[PDB]
Amino acid sequence: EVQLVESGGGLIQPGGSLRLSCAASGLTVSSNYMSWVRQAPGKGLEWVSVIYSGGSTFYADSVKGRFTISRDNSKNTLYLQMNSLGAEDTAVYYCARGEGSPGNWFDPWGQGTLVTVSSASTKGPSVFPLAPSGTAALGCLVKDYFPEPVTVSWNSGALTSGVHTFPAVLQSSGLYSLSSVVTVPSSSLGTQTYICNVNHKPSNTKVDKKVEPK
Amino acid sequence: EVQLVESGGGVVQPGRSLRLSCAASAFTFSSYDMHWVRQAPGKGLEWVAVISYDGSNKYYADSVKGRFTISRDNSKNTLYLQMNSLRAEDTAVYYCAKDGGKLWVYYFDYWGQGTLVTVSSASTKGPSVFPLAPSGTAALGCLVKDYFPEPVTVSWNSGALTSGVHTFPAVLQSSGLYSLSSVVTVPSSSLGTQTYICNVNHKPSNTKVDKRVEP
Amino acid sequence: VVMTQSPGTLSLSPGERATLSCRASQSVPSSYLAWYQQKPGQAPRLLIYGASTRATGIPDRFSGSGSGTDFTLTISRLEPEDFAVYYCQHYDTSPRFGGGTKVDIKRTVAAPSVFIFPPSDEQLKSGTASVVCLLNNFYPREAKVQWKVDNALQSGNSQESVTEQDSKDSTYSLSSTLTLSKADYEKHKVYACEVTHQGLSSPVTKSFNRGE
Amino acid sequence: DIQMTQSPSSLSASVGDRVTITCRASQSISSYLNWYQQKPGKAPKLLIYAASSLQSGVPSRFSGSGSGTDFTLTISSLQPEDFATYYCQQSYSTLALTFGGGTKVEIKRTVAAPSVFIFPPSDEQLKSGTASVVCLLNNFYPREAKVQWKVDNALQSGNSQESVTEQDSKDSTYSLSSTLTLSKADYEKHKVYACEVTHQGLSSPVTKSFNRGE
Amino acid sequence: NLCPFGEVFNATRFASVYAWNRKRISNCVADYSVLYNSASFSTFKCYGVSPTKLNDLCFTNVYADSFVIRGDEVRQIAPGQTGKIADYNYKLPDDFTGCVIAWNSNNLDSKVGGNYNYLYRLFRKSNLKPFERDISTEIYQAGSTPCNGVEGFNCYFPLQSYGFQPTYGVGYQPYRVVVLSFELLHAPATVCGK
Ligand SMILES: *[C@@H]1O[C@H](CO)[C@@H](O)[C@H](O)[C@H]1NC(C)=O
Ligand SMILES: [Cl-]
C-alpha cells in the first residue's frame, strides 16, 4: 500500500512561482532520500533535486537558485517550490523515494503532475458526443481547453477494452483538443448505456457525457 | 623598507620555458615563506605557488601544478619561478610576495614590482618614433607606433621634464603591434629657445630612440 | 561520465530477444547502474539495479549484465506489453539518466476499421462543426486520410492524431478532425473521408449526408 | 574553492567622502580576510589583514571589520591618491587562496573643460607609407568625452583608436588621445583634417583643425 | 623524540570511514616538513593554518584521523561540505583548523572480485556532529512499521560496501585520507614543531 500522490501542477506564467506536493503513504518522507525528477514533453528524464533524511539538499545546475525542496513531517509530504519559471521548466514532475545510488535507487515513483509555463489563460473544455450509426464505434470530443491535460474514462472505469484516447492536438487558436473512442458490438447500442468521464484538472472541470445513437 | 626586485620576463613561444627571479633585501629572508602571484592583462589576481622558508615544502595552484616549479637560494636571498610548457593563458604580470608572519595563515605584506611574461609566437619588433610638432600655451609629443611587445618607457629630456607630461596606455591595433602616444604641454613662449627630446626605450627589442621635436 | 544509449528505437517481433545497450565514456562500476521502464502515460518503474539484480515483482524475462563502459538490458520472449521506453541510470556526483531506447513491437499487417462521425447538434448551435474520421486498430502506422466535401478534396482545415502502439495487439489508431464553421457546414451535403492503407487493396471511403 | 564576491564593482566618490566596500564569502572564513590596494600599473599593497588589523605604514583613514561571510573596507575620508582597485582575499583555505573581483574607486570632481590640440602626421611618417592624425584632450572631467573626426566635412568612424589615461593622482582629471590611422594614398586625397570634441564642460563643441600642407 | 605520524600514514590497512580511526599525538616533537615530503598526495588542503607554519606552533594535542573513501567523495572532507560522507560518516566543523591529506590507494585497497571490507554509512536519521563517530549497525527504519532488527521493506541495513576493483575509474577508486586536527586548549602544550 505504498503510494506517492502528487499535486500542484498546472498553468503558470513565465517568471511566476509554483509549489508541488508529494503526499506519501507506506513510507516516512523525513526518514528517506526523496528526489524530484522531471520530463519535458517528448524528452527524457532529468533529475532535479534531492533531500536527505538529515536535511541536506542538492539541486541540478539547471534549477540551482530557483527551486527549493522541502518536507513537512506531520503531513508526511514532500514539496518542491519552483521560482522564476520559464519555458524550459514545462515538464511532468515526478517525486520518488531514493536518489539513484547503490542501495538507494528511485523506488517507488509518484504518478507525476504536469506544469505548463505559458502566457495564455486557463480554459475549460466542451464535451460533445461522437454518435454511432459487426462492431460499432462511439466516442467523445473534448475541444478547446488549456492547458493540458485531460483524462477520459468510460463508464467510470468499468469499460476499458477497446478504448482509445488520442494525444491532444494544438489547434491554430492555441487551445487543445482530443477525442476518446471505443468500439463495441452493434447489438448492445440499445441495451447498454455509455458515458464518457472527462476530467480537466487545471480548471476543476468534470463532465459526464452519455453517448447515444441519433 | 623591504625590497623585492624581480626580473626575467619577456617573450616566450608556446611550449617553451622561462625562469623568473626575485631578490630580497632588508629582512630575514631564510625564515619567511615566499609566494608568486600573477595577473593577466585586465584581469584579477591569481595565487600561483608558495615555498617554505627552507625550500623543502612547495605548494601550487591547480592551474599551474606539474608545469611550474618554485625554488629559492637562501644564500643569495633570491626566489625563483621555473615556468615550463607555457600556454597562452600564462600571459600575465608575475609578482613575488613576502608572507607576513603575524598570522597562522598566508597573506602578502610586501610585493615585488612585477615582470611581464608574454606567451606568443610572434617576433619582437622595435618601435618607430615620430614627432608631433606644436603650433594660451602649446602641446607637443612623440608617437611610438608599430612595436611588440609591451612595454616601452618614454621620458622627456632624459628625465628632466616631469610636470605636464602625459603618456597614454598602448593600444593593440589590427596589425598585432602596439601604438603609444606621449605628449607634454609647455608654455608657448619657450618654443624655439628650449629643446624637447623624447626618450623612448624598448627593452624586449633593445631599441633606444631619441627624436627632436621642433615646430 | 556521459551515458549513451543505443539504439534510439528498436523494432522486434514478439517472442524475439531484445538487446538494449548503455555505453559510458568512462568506466562505471556495475553496482552503480540501474534500468528503468516507462510505458506511455505512466511513471518510470525500476527494472534492474546493480546492473544485474532484478527489481521486486519484475518478470524473469528481463535481465541485465555488463560492466565498465558497456551495459546491456535483455528482454527474452518479447511481449506486446513490453512496448515502452527504457532508461539506464547511474550515480557519480549526481544522478544521471541515459537518453532512452524505444522498443517498438512488430506485427502483421492490419487493415483499419474506418468510422466517420458527424458533428453533434449541440456543437452546431455554438457555431462550429467538427467532423471526425476514425482509423481503428491498424498496422503499420503509415496511412493517408483525405477529406472530400461534396466530392471536393479538402486541404488546410484538418488535424490528425495517432495513438501509441497498443500494449495488447500492437496496432495504431488514428483520428482526423475536420473543423468548419456552422455556416460553411450547412452549405454542403456529402462529407467523406477516404482512407488508403497497406492492408487495403483499394481505398476505403466512409461518408454521411448532412441531414439524413 | 571559496568564491569571494565584491560589491560594488565600481563607484565614484569625491574627496572627503566616506567609502565602504563589501566583500562576501561563499562560506565562513572566520576572520582571515585581507584587503589590497593596486594602483594602475603598480603592484598590490596590503592595507588590512585578518579582517581588521592595519598593516604598518598604512594611513589611518583605512579600516576594516566583519566576520564569517560579510566583510567591509572603509575609507573614512577619501583622498585624491586613493584612486585604485581594491581587492579582498580570503586566507582560511591556505592552499587555495582566492581573491575577490575587485572594486574600482573613482574620484568625483567638479567640471573641467578639456584643452584640445591637433597634430598633423610628421614628414618622417609619410616617408614610410602610413599617416596618423592625433588629437589630444587634456585635463578634463568627467571621462565621458565624444571625439569625432571630420575629413572634408565627412564624418569618420572606424579609422581611429581612442586611449584614456587613468585618473591623475594630483588633480583627478582624465586625458584622451585619438589616433586617426590611414594610408598615404588616403591622405593626399583630401585636404581638411578636423577634430571635434563634445564634453560636459563645453557650452558648444570645440573643433581644432588644420589644412594639409599649410 | 619525534611524533609517530608514520604509524598512521604508512599503516598497511585503513579503517572504514564510518568507523574512522583517530590517533591522539602528545608529548613529542612533530617534524611536519619530512611528513609532508614523505609521499605523493593527490589532495593537500589546509584550513585556518599554513602547512609551513606548523613548524613554529605548539598544540596541547594533535589528532590524526584516517579512513578510506572513494575518489568522488574526497571533496566532502572539508569545512562546510554536505553529502553522504560529511553528513553520515565523517564531519568537519565550519571553523576547522587543520589539514586534509589524500592519495589514491587503488593498488592497496582494491581486489579482483571487489574489495568489500570498506563500508560507509548510507542511512541515518540525522547528521553527525563534527568529529562524531557512529559505529551502529542497527536496521534503519524507513517507514512507520518498526523493524525489530529484521531487514526487509523500509528496513535497511545502514552500511553500504564500496566494492573496490582496480579497473574502476578514479572517481570510484579507493582513496586514503588523513586529517590533522590541532587542539589548542588553555593547558600546557605537548606537541611543538621543529
Ligand atoms: C613511510 O615510509 C617511508 C619509507 O618507505 C618513509 O620515508 C616515510 O617517512 C614514512 N612516513 C612517515 C609519515 O613517517
Ligand atoms: Cl491532454
# chains A, B, ... in the order shown; residues from 1 in each chain; ligands from 1
$ select_by_dssp --residues "chain C" --states "helix (DSSP H, G or I)" --output "ChimeraX atom specification"
/C:30-32,80-82,121-124,182-186
$ write_last_selection --atoms "N, CA, C and O atoms" --output "PDB file, in the first residue's frame"
ATOM      1  N   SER C  30      29.569  -1.827 -11.895  1.00  0.00           N
ATOM      2  CA  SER C  30      28.282  -2.487 -12.090  1.00  0.00           C
ATOM      3  C   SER C  30      27.275  -2.081 -11.021  1.00  0.00           C
ATOM      4  O   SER C  30      26.092  -1.874 -11.318  1.00  0.00           O
ATOM      5  N   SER C  31      27.724  -1.957  -9.772  1.00  0.00           N
ATOM      6  CA  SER C  31      26.814  -1.663  -8.671  1.00  0.00           C
ATOM      7  C   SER C  31      26.235  -0.254  -8.727  1.00  0.00           C
ATOM      8  O   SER C  31      25.401   0.081  -7.878  1.00  0.00           O
ATOM      9  N   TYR C  32      26.641   0.570  -9.692  1.00  0.00           N
ATOM     10  CA  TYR C  32      26.128   1.924  -9.840  1.00  0.00           C
ATOM     11  C   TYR C  32      25.181   2.070 -11.025  1.00  0.00           C
ATOM     12  O   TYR C  32      24.796   3.194 -11.359  1.00  0.00           O
ATOM     13  N   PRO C  80       3.926  -7.996 -26.410  1.00  0.00           N
ATOM     14  CA  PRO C  80       3.361  -6.700 -26.821  1.00  0.00           C
ATOM     15  C   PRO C  80       3.289  -5.678 -25.699  1.00  0.00           C
ATOM     16  O   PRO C  80       3.447  -4.478 -25.958  1.00  0.00           O
ATOM     17  N   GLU C  81       3.065  -6.113 -24.457  1.00  0.00           N
ATOM     18  CA  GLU C  81       3.001  -5.174 -23.344  1.00  0.00           C
ATOM     19  C   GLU C  81       4.365  -4.615 -22.961  1.00  0.00           C
ATOM     20  O   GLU C  81       4.423  -3.669 -22.169  1.00  0.00           O
ATOM     21  N   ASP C  82       5.454  -5.167 -23.495  1.00  0.00           N
ATOM     22  CA  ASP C  82       6.786  -4.641 -23.224  1.00  0.00           C
ATOM     23  C   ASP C  82       7.091  -3.372 -24.009  1.00  0.00           C
ATOM     24  O   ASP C  82       8.191  -2.825 -23.868  1.00  0.00           O
ATOM     25  N   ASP C 121     -25.472  18.038 -32.793  1.00  0.00           N
ATOM     26  CA  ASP C 121     -26.303  19.233 -32.860  1.00  0.00           C
ATOM     27  C   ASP C 121     -25.984  20.194 -31.725  1.00  0.00           C
ATOM     28  O   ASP C 121     -26.177  21.407 -31.867  1.00  0.00           O
ATOM     29  N   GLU C 122     -25.491  19.674 -30.600  1.00  0.00           N
ATOM     30  CA  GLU C 122     -25.074  20.537 -29.501  1.00  0.00           C
ATOM     31  C   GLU C 122     -23.947  21.468 -29.931  1.00  0.00           C
ATOM     32  O   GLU C 122     -23.960  22.662 -29.609  1.00  0.00           O
ATOM     33  N   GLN C 123     -22.967  20.943 -30.672  1.00  0.00           N
ATOM     34  CA  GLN C 123     -21.846  21.770 -31.107  1.00  0.00           C
ATOM     35  C   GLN C 123     -22.266  22.749 -32.197  1.00  0.00           C
ATOM     36  O   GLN C 123     -21.773  23.882 -32.242  1.00  0.00           O
ATOM     37  N   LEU C 124     -23.171  22.329 -33.086  1.00  0.00           N
ATOM     38  CA  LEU C 124     -23.594  23.196 -34.182  1.00  0.00           C
ATOM     39  C   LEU C 124     -24.228  24.481 -33.664  1.00  0.00           C
ATOM     40  O   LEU C 124     -24.006  25.561 -34.225  1.00  0.00           O
ATOM     41  N   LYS C 182     -20.343  26.667 -38.502  1.00  0.00           N
ATOM     42  CA  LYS C 182     -21.698  26.184 -38.751  1.00  0.00           C
ATOM     43  C   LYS C 182     -22.197  26.640 -40.115  1.00  0.00           C
ATOM     44  O   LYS C 182     -22.846  25.872 -40.835  1.00  0.00           O
ATOM     45  N   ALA C 183     -21.893  27.885 -40.490  1.00  0.00           N
ATOM     46  CA  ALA C 183     -22.337  28.407 -41.778  1.00  0.00           C
ATOM     47  C   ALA C 183     -21.792  27.569 -42.929  1.00  0.00           C
ATOM     48  O   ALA C 183     -22.552  27.098 -43.782  1.00  0.00           O
ATOM     49  N   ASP C 184     -20.472  27.364 -42.961  1.00  0.00           N
ATOM     50  CA  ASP C 184     -19.873  26.583 -44.039  1.00  0.00           C
ATOM     51  C   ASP C 184     -20.332  25.133 -44.008  1.00  0.00           C
ATOM     52  O   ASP C 184     -20.380  24.478 -45.055  1.00  0.00           O
ATOM     53  N   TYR C 185     -20.677  24.618 -42.826  1.00  0.00           N
ATOM     54  CA  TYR C 185     -21.125  23.234 -42.728  1.00  0.00           C
ATOM     55  C   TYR C 185     -22.484  23.041 -43.389  1.00  0.00           C
ATOM     56  O   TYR C 185     -22.717  22.022 -44.050  1.00  0.00           O
ATOM     57  N   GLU C 186     -23.390  24.008 -43.232  1.00  0.00           N
ATOM     58  CA  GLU C 186     -24.732  23.868 -43.789  1.00  0.00           C
ATOM     59  C   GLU C 186     -24.776  24.050 -45.301  1.00  0.00           C
ATOM     60  O   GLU C 186     -25.810  23.755 -45.910  1.00  0.00           O
TER      61      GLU C 186
END
$ residues_around --residues "range 105-119 of chain D" --least-positions-apart "5" --cutoff "7 Å" --atoms "only C-alpha atoms" --output "list in words"
residues 132 and 133 of chain B; 10, 11, 12, 13, 14, 15, 80, 83, 84, 85, 133, 134, 135, 136, 137, 138, 139, 140, 141, 142, 172, 195, 201, 202, 208 and 209 of chain D
$ residues_around --residues "residue 51 in chain A" --least-positions-apart "4" --cutoff "10 Å" --atoms "only C-alpha atoms" --output "list in words"
residues 29, 30, 32, 33, 34, 35, 36, 55, 56, 57, 58, 59, 68, 69, 70, 71, 78, 97, 98 and 99 of chain A
$ write_last_selection --atoms "N, CA, C and O atoms" --output "PDB file, in the first residue's frame"
ATOM      1  N   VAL A  29       8.564  10.289   4.856  1.00  0.00           N
ATOM      2  CA  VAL A  29       9.320  11.197   3.993  1.00  0.00           C
ATOM      3  C   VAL A  29      10.582  11.680   4.697  1.00  0.00           C
ATOM      4  O   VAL A  29      11.672  11.698   4.113  1.00  0.00           O
ATOM      5  N   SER A  30      10.455  12.071   5.967  1.00  0.00           N
ATOM      6  CA  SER A  30      11.581  12.642   6.698  1.00  0.00           C
ATOM      7  C   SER A  30      12.679  11.629   7.001  1.00  0.00           C
ATOM      8  O   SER A  30      13.747  12.028   7.478  1.00  0.00           O
ATOM      9  N   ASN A  32      13.784   9.266   4.587  1.00  0.00           N
ATOM     10  CA  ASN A  32      14.279   8.704   3.339  1.00  0.00           C
ATOM     11  C   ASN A  32      15.010   9.757   2.518  1.00  0.00           C
ATOM     12  O   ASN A  32      14.921  10.961   2.776  1.00  0.00           O
ATOM     13  N   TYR A  33      15.757   9.277   1.524  1.00  0.00           N
ATOM     14  CA  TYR A  33      16.134  10.113   0.393  1.00  0.00           C
ATOM     15  C   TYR A  33      14.896  10.331  -0.468  1.00  0.00           C
ATOM     16  O   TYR A  33      14.266   9.363  -0.906  1.00  0.00           O
ATOM     17  N   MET A  34      14.535  11.588  -0.707  1.00  0.00           N
ATOM     18  CA  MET A  34      13.385  11.923  -1.539  1.00  0.00           C
ATOM     19  C   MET A  34      13.830  12.853  -2.658  1.00  0.00           C
ATOM     20  O   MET A  34      14.422  13.906  -2.397  1.00  0.00           O
ATOM     21  N   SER A  35      13.539  12.467  -3.899  1.00  0.00           N
ATOM     22  CA  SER A  35      14.010  13.187  -5.072  1.00  0.00           C
ATOM     23  C   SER A  35      12.843  13.689  -5.915  1.00  0.00           C
ATOM     24  O   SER A  35      11.707  13.222  -5.793  1.00  0.00           O
ATOM     25  N   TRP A  36      13.146  14.655  -6.778  1.00  0.00           N
ATOM     26  CA  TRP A  36      12.239  15.100  -7.826  1.00  0.00           C
ATOM     27  C   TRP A  36      12.914  14.882  -9.171  1.00  0.00           C
ATOM     28  O   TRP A  36      14.081  15.248  -9.351  1.00  0.00           O
ATOM     29  N   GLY A  55      18.564  16.313   6.275  1.00  0.00           N
ATOM     30  CA  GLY A  55      18.227  17.678   5.937  1.00  0.00           C
ATOM     31  C   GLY A  55      18.991  18.265   4.769  1.00  0.00           C
ATOM     32  O   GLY A  55      18.578  19.306   4.244  1.00  0.00           O
ATOM     33  N   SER A  56      20.089  17.644   4.352  1.00  0.00           N
ATOM     34  CA  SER A  56      20.855  18.183   3.236  1.00  0.00           C
ATOM     35  C   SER A  56      20.020  18.175   1.961  1.00  0.00           C
ATOM     36  O   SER A  56      19.169  17.307   1.752  1.00  0.00           O
ATOM     37  N   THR A  57      20.263  19.168   1.108  1.00  0.00           N
ATOM     38  CA  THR A  57      19.553  19.319  -0.152  1.00  0.00           C
ATOM     39  C   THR A  57      20.554  19.549  -1.274  1.00  0.00           C
ATOM     40  O   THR A  57      21.592  20.187  -1.080  1.00  0.00           O
ATOM     41  N   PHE A  58      20.228  19.028  -2.456  1.00  0.00           N
ATOM     42  CA  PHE A  58      21.074  19.177  -3.630  1.00  0.00           C
ATOM     43  C   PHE A  58      20.197  19.412  -4.850  1.00  0.00           C
ATOM     44  O   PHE A  58      19.048  18.965  -4.902  1.00  0.00           O
ATOM     45  N   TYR A  59      20.747  20.127  -5.831  1.00  0.00           N
ATOM     46  CA  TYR A  59      19.977  20.578  -6.982  1.00  0.00           C
ATOM     47  C   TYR A  59      20.795  20.426  -8.255  1.00  0.00           C
ATOM     48  O   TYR A  59      22.024  20.537  -8.241  1.00  0.00           O
ATOM     49  N   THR A  68      13.460  24.953  -4.661  1.00  0.00           N
ATOM     50  CA  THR A  68      13.718  24.675  -3.251  1.00  0.00           C
ATOM     51  C   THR A  68      12.909  23.456  -2.844  1.00  0.00           C
ATOM     52  O   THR A  68      11.677  23.479  -2.917  1.00  0.00           O
ATOM     53  N   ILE A  69      13.594  22.404  -2.414  1.00  0.00           N
ATOM     54  CA  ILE A  69      12.948  21.175  -1.969  1.00  0.00           C
ATOM     55  C   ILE A  69      12.806  21.225  -0.454  1.00  0.00           C
ATOM     56  O   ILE A  69      13.693  21.722   0.253  1.00  0.00           O
ATOM     57  N   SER A  70      11.674  20.738   0.046  1.00  0.00           N
ATOM     58  CA  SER A  70      11.393  20.755   1.475  1.00  0.00           C
ATOM     59  C   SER A  70      10.376  19.663   1.776  1.00  0.00           C
ATOM     60  O   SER A  70       9.869  18.992   0.872  1.00  0.00           O
ATOM     61  N   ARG A  71      10.072  19.497   3.061  1.00  0.00           N
ATOM     62  CA  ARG A  71       9.169  18.446   3.502  1.00  0.00           C
ATOM     63  C   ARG A  71       8.466  18.883   4.778  1.00  0.00           C
ATOM     64  O   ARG A  71       8.955  19.736   5.522  1.00  0.00           O
ATOM     65  N   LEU A  78       6.338  15.623   0.674  1.00  0.00           N
ATOM     66  CA  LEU A  78       7.465  16.284   0.037  1.00  0.00           C
ATOM     67  C   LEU A  78       6.962  17.454  -0.802  1.00  0.00           C
ATOM     68  O   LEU A  78       5.866  17.410  -1.368  1.00  0.00           O
ATOM     69  N   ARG A  97      11.055   8.078  -3.997  1.00  0.00           N
ATOM     70  CA  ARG A  97      11.928   7.751  -2.881  1.00  0.00           C
ATOM     71  C   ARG A  97      13.258   7.238  -3.414  1.00  0.00           C
ATOM     72  O   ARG A  97      13.303   6.470  -4.379  1.00  0.00           O
ATOM     73  N   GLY A  98      14.344   7.683  -2.799  1.00  0.00           N
ATOM     74  CA  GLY A  98      15.681   7.293  -3.201  1.00  0.00           C
ATOM     75  C   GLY A  98      16.392   8.405  -3.958  1.00  0.00           C
ATOM     76  O   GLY A  98      15.850   9.484  -4.205  1.00  0.00           O
ATOM     77  N   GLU A  99      17.639   8.105  -4.328  1.00  0.00           N
ATOM     78  CA  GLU A  99      18.497   9.064  -5.008  1.00  0.00           C
ATOM     79  C   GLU A  99      19.126   8.529  -6.286  1.00  0.00           C
ATOM     80  O   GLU A  99      19.662   9.324  -7.063  1.00  0.00           O
TER      81      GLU A  99
END
$ interface_residues --of "chain B" --to "chain E" --cutoff "10 Å" --atoms "only C-alpha atoms" --output "compact mmCIF listing (two decimals) with C-alpha atoms, in the first residue's frame"
# COMPACT_ATOMS: atom_id res chain seq x y z
CA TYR B 32 59.75 33.57 5.73
CA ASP B 33 57.50 31.81 3.26
CA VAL B 50 54.40 29.02 -2.26
CA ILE B 51 57.70 27.71 -0.90
CA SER B 52 58.67 27.17 2.73
CA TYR B 53 61.42 29.11 4.46
CA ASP B 54 63.99 26.34 3.96
CA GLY B 55 62.73 25.36 0.49
CA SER B 56 61.62 21.85 1.48
CA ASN B 57 57.84 22.26 1.03
CA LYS B 58 56.26 23.56 -2.19
CA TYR B 59 52.55 24.00 -2.96
CA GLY B 101 54.45 36.36 9.71
CA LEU B 103 49.14 35.12 11.44
CA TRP B 104 48.75 31.36 11.25
CA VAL B 105 47.71 31.74 7.60
CA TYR B 106 49.21 33.23 4.45
$ interface_residues --of "chain A" --to "chain C" --cutoff "6 Å" --atoms "only C-alpha atoms" --output "JSON, numbers by chain"
{"A": [100, 101, 102, 111, 130, 166]}
$ atom_distance --atom1 "CA of residue 152 in chain C" --atom2 "CA of residue 202 in chain C"
19.5 Å
$ residues_near_ligand --ligand "ligand 1" --cutoff "10 Å" --atoms "only C-alpha atoms and all ligand atoms" --output "count of residues only"
18
$ select_by_dssp --residues "chain C" --states "strand (DSSP E)" --output "ChimeraX atom specification"
/C:3-6,9-12,18-28,33-38,45-49,53-54,62-75,85-91,95-97,101-105,113-117,128-138,144-149,152-153,158-162,172-181,190-196,204-209
$ residues_around --residues "residue 87 in chain E" --least-positions-apart "2" --cutoff "6 Å" --atoms "only C-alpha atoms" --output "ChimeraX atom specification"
/E:82-85,127-128
$ write_last_selection --atoms "C-alpha atoms" --output "tab-separated table (two decimals), in the first residue's frame"
chain	number	residue	atom	x	y	z
E	82	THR	CA	27.48	18.19	2.78
E	83	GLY	CA	26.81	14.77	1.31
E	84	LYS	CA	26.68	11.11	2.35
E	85	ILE	CA	30.20	11.16	3.80
E	127	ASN	CA	23.56	14.49	10.56
E	128	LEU	CA	26.68	13.81	12.60
$ residues_near_ligand --ligand "ligand 2" --cutoff "9 Å" --atoms "only C-alpha atoms and all ligand atoms" --output "number ranges by chain"
A: 145-151, 166-169, 176-178, 200
$ write_last_selection --atoms "C-alpha atoms" --output "short mmCIF file (atom, residue, chain, number, x, y, z; two decimals), in the first residue's frame"
data_model
loop_
_atom_site.label_atom_id
_atom_site.label_comp_id
_atom_site.auth_asym_id
_atom_site.auth_seq_id
_atom_site.Cartn_x
_atom_site.Cartn_y
_atom_site.Cartn_z
CA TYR A 145 -9.15 23.54 -23.36
CA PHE A 146 -5.90 24.90 -21.93
CA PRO A 147 -3.59 23.79 -20.60
CA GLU A 148 -3.01 20.05 -20.68
CA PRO A 149 -4.03 17.51 -19.53
CA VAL A 150 -7.45 15.93 -19.75
CA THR A 151 -8.20 12.36 -18.75
CA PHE A 166 -5.82 10.15 -28.62
CA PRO A 167 -2.97 12.56 -27.83
CA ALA A 168 -4.10 16.17 -27.71
CA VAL A 169 -3.52 18.30 -30.81
CA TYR A 176 -6.06 21.85 -27.24
CA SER A 177 -8.46 19.19 -28.45
CA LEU A 178 -8.66 15.40 -28.33
CA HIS A 200 -9.71 18.66 -16.86
#
$ closest_atom_pairs --of "chain C" --to "chain E" --cutoff "7 Å" --atoms "only C-alpha atoms" --output "CSV"
residue,atom,partner,partner_atom,distance
C:26,CA,E:169,CA,6.8
C:27,CA,E:169,CA,5.3
C:28,CA,E:169,CA,6.8
C:29,CA,E:168,CA,6.3
C:93,CA,E:72,CA,6.7
$ write_last_selection --atoms "N, CA and C atoms" --output "short mmCIF file (atom, residue, chain, number, x, y, z; two decimals), in the first residue's frame"
data_model
loop_
_atom_site.label_atom_id
_atom_site.label_comp_id
_atom_site.auth_asym_id
_atom_site.auth_seq_id
_atom_site.Cartn_x
_atom_site.Cartn_y
_atom_site.Cartn_z
N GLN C 26 33.44 6.89 -19.65
CA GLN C 26 34.38 6.42 -18.65
C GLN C 26 33.82 5.16 -18.00
N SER C 27 34.69 4.45 -17.28
CA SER C 27 34.27 3.21 -16.64
C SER C 27 33.34 3.49 -15.47
N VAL C 28 32.21 2.77 -15.43
CA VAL C 28 31.24 2.86 -14.36
C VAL C 28 31.13 1.48 -13.71
N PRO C 29 31.24 1.36 -12.39
CA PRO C 29 31.07 0.05 -11.75
C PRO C 29 29.67 -0.50 -11.96
N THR C 93 28.63 11.94 -9.09
CA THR C 93 28.40 13.00 -8.12
C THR C 93 26.93 13.42 -8.05
#
$ residues_around --residues "residue 75 in chain B" --least-positions-apart "4" --cutoff "12 Å" --atoms "only C-alpha atoms" --output "ChimeraX atom specification"
/B:23-25,28-30,54-55,79
$ residues_around --residues "range 107-122 of chain B" --least-positions-apart "3" --cutoff "7 Å" --atoms "only C-alpha atoms" --output "list in words"
residues 4, 5, 6, 7, 9, 10, 11, 12, 13, 14, 86, 87, 88, 90, 91, 92, 93, 94, 95, 96, 97, 98, 99 and 100 of chain B; 42, 43, 44, 46 and 91 of chain D
$ residues_around --residues "residue 182 in chain E" --least-positions-apart "3" --cutoff "7 Å" --atoms "only C-alpha atoms" --output "list in words"
residues 59, 61, 62, 63, 97 and 98 of chain E
$ closest_residue --among "D:120, D:129, D:158, D:66" --to "residue 210 in chain D" --atoms "only C-alpha atoms"
D:120
